[PDB]
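>>> Fold the stuff below for me.
(7 chains)
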Amino acid sequence: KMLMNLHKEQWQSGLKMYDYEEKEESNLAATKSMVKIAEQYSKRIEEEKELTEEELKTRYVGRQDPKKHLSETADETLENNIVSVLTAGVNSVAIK
Amino acid sequence: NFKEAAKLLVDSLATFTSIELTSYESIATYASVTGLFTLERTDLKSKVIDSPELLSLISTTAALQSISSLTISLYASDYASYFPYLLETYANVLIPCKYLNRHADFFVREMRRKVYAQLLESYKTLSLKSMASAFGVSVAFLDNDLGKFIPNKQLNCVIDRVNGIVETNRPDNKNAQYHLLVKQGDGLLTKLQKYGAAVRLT
Amino acid sequence: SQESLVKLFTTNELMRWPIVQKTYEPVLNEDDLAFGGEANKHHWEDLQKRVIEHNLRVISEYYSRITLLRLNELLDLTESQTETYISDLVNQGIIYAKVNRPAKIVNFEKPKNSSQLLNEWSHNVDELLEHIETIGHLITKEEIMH
Amino acid sequence: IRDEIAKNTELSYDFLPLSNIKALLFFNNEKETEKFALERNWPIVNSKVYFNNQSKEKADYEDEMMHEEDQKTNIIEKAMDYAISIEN
Amino acid sequence: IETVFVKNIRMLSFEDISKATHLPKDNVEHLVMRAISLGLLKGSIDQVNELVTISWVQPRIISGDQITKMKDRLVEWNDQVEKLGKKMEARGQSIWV
Amino acid sequence: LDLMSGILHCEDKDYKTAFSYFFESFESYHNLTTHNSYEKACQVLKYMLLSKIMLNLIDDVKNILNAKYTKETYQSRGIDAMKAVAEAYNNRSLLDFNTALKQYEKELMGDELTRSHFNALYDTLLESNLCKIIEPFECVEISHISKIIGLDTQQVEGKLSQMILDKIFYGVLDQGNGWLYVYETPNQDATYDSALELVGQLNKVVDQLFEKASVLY
Amino acid sequence: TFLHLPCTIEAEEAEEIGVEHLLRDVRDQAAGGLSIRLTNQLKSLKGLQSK
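Numbering: from 1, shown residues only, chains lettered A, B, ... in the order given. Sharing the structure here:
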């Protein structure tokens, strides 16, 4: 219990809101990123009608696979913003 | 769609090709009509009213004169020479041509629409009187022409008869952003339902 | 004599021209190389502008929105004169103001943006939390010593 | 016929005179007019009948009742649903 | 300052003050202005919407009534946190992994 | 050759380049023998003045004005027109522009280069003065601005409308209350921009996924 | 009197290595995935009320 616990300033972090310049900035960055590697994704699923799994990964990519990289980033920012609205709506009702 | 035509018909002005087909002066006339229809007021000066080739060819024919006259008076913001000039346009360009015969009515209408809407950007209130006088129509005549063009979804304004002011009801702010974006994302959902449903079904 | 004049120009006070003018009219006129001279009748004339130049600094911080009409009587001039003199200090960046000719309002402010409001509302909520936690520390202390 | 008009003319006036309503609801005399106004809780003062009283009244009776936490959807609850779909 | 503290709002009208100090609405402007200067109060003053909305009260020595009002404020607060909490413990009860 | 170069660069809106070719043209006429070169020398001296007033420098306009060829060998009504405009530009009083042009119209119009650029200088001189006035105001009457400018309320108002179309303080005019409102607010956002790019690209993806899988049926 | 100060843990480098190693629990709070922070939000609310 001694190691895991981080005082009464542990719960404190979980009701704090942040500058919205950095939040709006976080959103745009991720958004823009998924346009760019999603042109890579377009190339990939235009083709992929040809046999040999390894050959697909050299030619149209499958090493640092575009579908995979997009999906992780999309999920990450989606989870943040579910939090950002939850933590905000909590404070609005809770404190007032 | 004139969109393809505006781009083509000015390259035809820049590179001197008009051969085995109708004359250079006709080439220019066409460029002007399409220039006006597609291009916004910003890109209009740039590309039509400024063109070395249009200026160098001057207007020596009537067809070319009318269309160029309408364009000059839109930018210069004389609207009392725009309306007569429109009538010159239908007479000597649109109707004598074999490709604008059927867009003759469409260009008359749209041009009245361009200019009204151009003015309604600039003004959040106008009166019927001031507006009508500048256009060279009266107030009654103004009502009916606006009364088509507002249900064609281009000018987004109201008319009072009681107070006699034409107010402008054209958003540009978060409301405009929202109307447009939501439609496209509804369009993604529609393909997703559609495309998913057949593969499962089989 | 001197203490009253410097302090009256330094501190944030809402005051009008004749009250100040009256206080300093016999005092500084028997002092030349100050206000007494014939050309320094345009440094007594300067003194009027100076007290109303300070009023605008006062008026802008404290009052966000105030009637143009009420403002006219405060600098003790017409509307025409006032509006010019508001403008001089919006340009030299001393104030930010918006003045309406119709005499609706003069909105003394720098307008916030959507983000500035959101930023300012994060800090209120963050700093709040700190105050709650220290309070509980001090309840425990106070009772134990008691 | 009288009743259908009373439903439309809530949303078409904030106040309207006695003389104008009388005509609408096809009464021939005053006694018929004033009684229908009272059942709808529209006060008649200086011969003016007010739609503001019913319209405000109805609005409060809706807020008094419970339907409206879920129907409106509470904003805090919306996010909870967002989270737990991904985790499921 | 006294009258705005115990109220849970943190603004007052001119009309409130006019009655409160038993002086004209004209006086209100001058006294409320001094209050910003001294630093008794801090905030924004409006004459068009006829408000003064304070953002600060200065610290004072705290008599018995002041403490009662401070108490009743936290009873309101506490009850909210608890209701906001019950709804969120029930919704997504089985998912937290 | 030098004169022709100048006229072009003057319309290229390079007026330090305009001046240099113009000076050089001048030297030719003045130091060559006179047989018709007098007529050509005068035109070029107006043109020197022309370019420098556009740069809105009056240090060098006043250099050009001297008693050795601008108030001695050639002295002309069009030189005096030019300097009257010059000072008027610098003072930023359209009211001083107005007085000059009525009496010197003849001089103005007889030079076509002058005319292109002094036509342009009216719009620019309205503009510098106009944006100055309305900068710390909101809901200023269109009428009050016309009094300081010194043109009829309607003629000022037709100009104001154009400035909106240019989009250099992008606002809106009330004709029937006679008011000017100014917006510097944003009318797109970043959020709006890239939301539209992303959904628009994914639309192509979804068609492309069905295109590969045409072998299912 | 005794005045309370911040009582923080930030740890030494040396210490960090044994601490994580012994650890084999999913921790009281770590603030990693969404699952951890959804727990956390509700924990915070109980926290605010208790003080």
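
>>> Could you list the residues of chain G in contact with chain E?
Within reach of chain E by C-beta under 8 Å from any C-beta of the partner chain, chain G has these residues: G:35, G:38-39, G:41-42, G:45-46, G:48-49. All C-beta spots, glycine's among them, are computed from the backbone N, C-alpha and C.

>>> List buried residues within these.
Burial by neighbour count, 16 or more other C-beta atoms under 10 Å in any protein chain shown: within those this picks out G:35, G:38-39, G:41-42, G:45, G:48-49.

>>> any chance of those residues in JSON lines, plus secondary structure?
Putting these into JSON lines (DSSP: H, G, I helix; E, B strand; the rest coil) gives the following:
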{"residue": "G:35", "secondary structure": "helix"}
{"residue": "G:38", "secondary structure": "helix"}
{"residue": "G:39", "secondary structure": "helix"}
{"residue": "G:41", "secondary structure": "helix"}
{"residue": "G:42", "secondary structure": "helix"}
{"residue": "G:45", "secondary structure": "helix"}
{"residue": "G:48", "secondary structure": "helix"}
{"residue": "G:49", "secondary structure": "helix"}
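
>>> okay if I get those residues as a markdown table plus distance to chain D?
Shown next, in a markdown table, are these (distance: C-beta to the nearest C-beta, whole Å):
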| residue | distance to chain D |
| --- | --- |
| G:35 | 6 |
| G:38 | 5 |
| G:39 | 11 |
| G:41 | 9 |
| G:42 | 10 |
| G:45 | 11 |
| G:48 | 15 |
| G:49 | 16 |
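
>>> Distance check, the residue most central in space within chain F against chain G.
Nearest to the geometric centre of chain F sits residue F:124, at 4.0 Å (C-alpha atoms, centre = their mean). Residue F:124 is 59 Å from chain G, where distance means C-beta to the nearest C-beta, to the nearest Å.

>>> pretty sure that residue belongs to a strand, no?
No - under three-state DSSP, residue F:124 falls outside any strand and is assigned helix.

>>> what about it, distance to residue F:89?
Separation of residue F:124 from residue F:89 (C-beta to C-beta, to the nearest Å) stands at 9 Å.

>>> do residue B:81 as well
Taking C-beta to C-beta, one finds residue B:81 at 31 Å from residue F:89.

>>> Between these two, which has more neighbouring residues?
residue F:89 (22 against 15; other C-beta atoms under 10 Å in any protein chain shown).

>>> could you redo the residues of chain G next to chain E as JSON lines and give each row distance to residue F:36?
Formatted as JSON lines, the residues of chain G next to chain E follow (distance: C-beta to C-beta, whole Å):
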{"residue": "G:35", "distance to residue F:36": "95"}
{"residue": "G:38", "distance to residue F:36": "93"}
{"residue": "G:39", "distance to residue F:36": "97"}
{"residue": "G:41", "distance to residue F:36": "92"}
{"residue": "G:42", "distance to residue F:36": "97"}
{"residue": "G:45", "distance to residue F:36": "96"}
{"residue": "G:46", "distance to residue F:36": "101"}
{"residue": "G:48", "distance to residue F:36": "96"}
{"residue": "G:49", "distance to residue F:36": "101"}
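
>>> for these, which one is nearest residue B:103?
Among the residues of chain G next to chain E, residue G:38 lies closest to residue B:103 (C-beta to C-beta), at 60.1 Å.

>>> so what's that closest one closest to, chain neighbours aside?
Leaving out its chain neighbours, the residue that sits closest to residue G:38 by C-beta to C-beta, 6 or more residues apart in numbering or on different chains is residue D:83, at 5.3 Å.

>>> got the contact list for the one you found?
A:79, A:82, A:86, E:92, E:95, G:34, G:38 (C-beta atoms under 8 Å, 6 or more residues apart in numbering or on different chains).

>>> what about residue F:40, neighbour count?
Counted with other C-beta under 10 Å, residues neighbouring residue F:40 total 16.

>>> My guess is it contacts residue F:29. True?
Yes - under the criterion of C-beta atoms under 8 Å, residue F:40 makes contact with residue F:29 at 5.2 Å.

>>> quick one: secondary structure of the residue nearest the centre of chain G?
Centre of chain G computed as the mean C-alpha position; nearest residue by C-alpha atoms, centre = their mean is residue G:29, 5.1 Å away. Following three-state DSSP, the label given to residue G:29 is coil.

>>> Okay, it and residue B:156: tell me how far apart.
Distance from residue G:29 to residue B:156, by C-beta to C-beta: 53 Å.

>>> same check, this time on residue B:76
Counting by C-beta to C-beta - residue B:76 and residue B:156 are separated by 25 Å.

>>> likewise residue E:19?
Using C-beta to C-beta, we find residue E:19 at a distance of 49 Å from residue B:156.

>>> Please identify which of those two sits among more neighbours.
residue B:156 (13 against 10).

>>> Nearest residue to the more buried one in space, please, no chain neighbours.
Nearest to residue B:156 is residue B:170, by C-beta to C-beta, 6+ apart, at 4.3 Å.

>>> Confirm residue C:26 sits in a helix?
No - using three-state DSSP, the assignment for residue C:26 is coil, not a helix.

>>> Can you name the residue of chain F nearest chain G?
Closest residue of chain F to chain G, C-beta to the nearest C-beta: residue F:198 (21.8 Å).

>>> can the stretch of helix or strand that residue belongs to be found next to chain B?
Under the criterion of DSSP states H and E, residue F:198 resides in helix F:190-212. Yes - on the criterion C-beta under 8 Å from any C-beta, helix F:190-212 is in touch with chain B at F:192, F:195-196, F:199-200, F:202-203, F:206-207, F:209-210.

>>> Chain C versus residue D:81, what's the distance?
Distance from residue D:81 to chain C, counting by C-beta to the nearest C-beta: 24 Å.

>>> Please look at that residue and residue E:91 and confirm they touch.
Yes - using C-beta under 8 Å, residue D:81 is in contact with residue E:91, at 7.4 Å.

>>> Quick check on these two: which one has the bigger neighbour count.
residue E:91 (15 against 12).

>>> quick one: contacts for the more buried one?
Contacts of residue E:91 (C-beta under 8 Å, 6+ apart): D:77, D:80-81, D:84.

>>> Likewise for residue F:148?
Counting by C-beta under 8 Å, 6+ apart, residue F:148 touches residue F:133.

>>> can you check residue D:62 too?
residue D:68.

>>> Secondary structure element for it, which one?
Residue-wise, residue D:62 maps onto helix D:52-64 under DSSP H and E.

>>> how close does residue E:92 get to chain A?
With C-beta to the nearest C-beta as the criterion, residue E:92 and chain A are 11 Å apart.

>>> likewise residue C:69?
37 Å.

>>> Am I right that that residue is in contact with residue C:103?
Yes - contact criterion C-beta under 8 Å: residue C:69 and residue C:103 qualify, at 5.6 Å.

>>> So for those two, which residue has more residues nearby?
More crowded of residue C:69 and residue C:103, by other C-beta under 10 Å: residue C:103, with 15 against 12.

>>> out of everything not next to it in sequence, what's closest to that one?
residue C:68 (4.6 Å).

>>> give the contact list for the one you found.
Residue C:68 touches C:79, C:82-83, C:99-100, C:103-106, counting by C-beta under 8 Å, 6+ apart.

>>> one more time with 10 Å, if that's ok
C:79, C:82-83, C:86, C:99-107 (C-beta atoms under 10 Å, 6 or more residues apart in numbering or on different chains).

>>> All set now, cheers.
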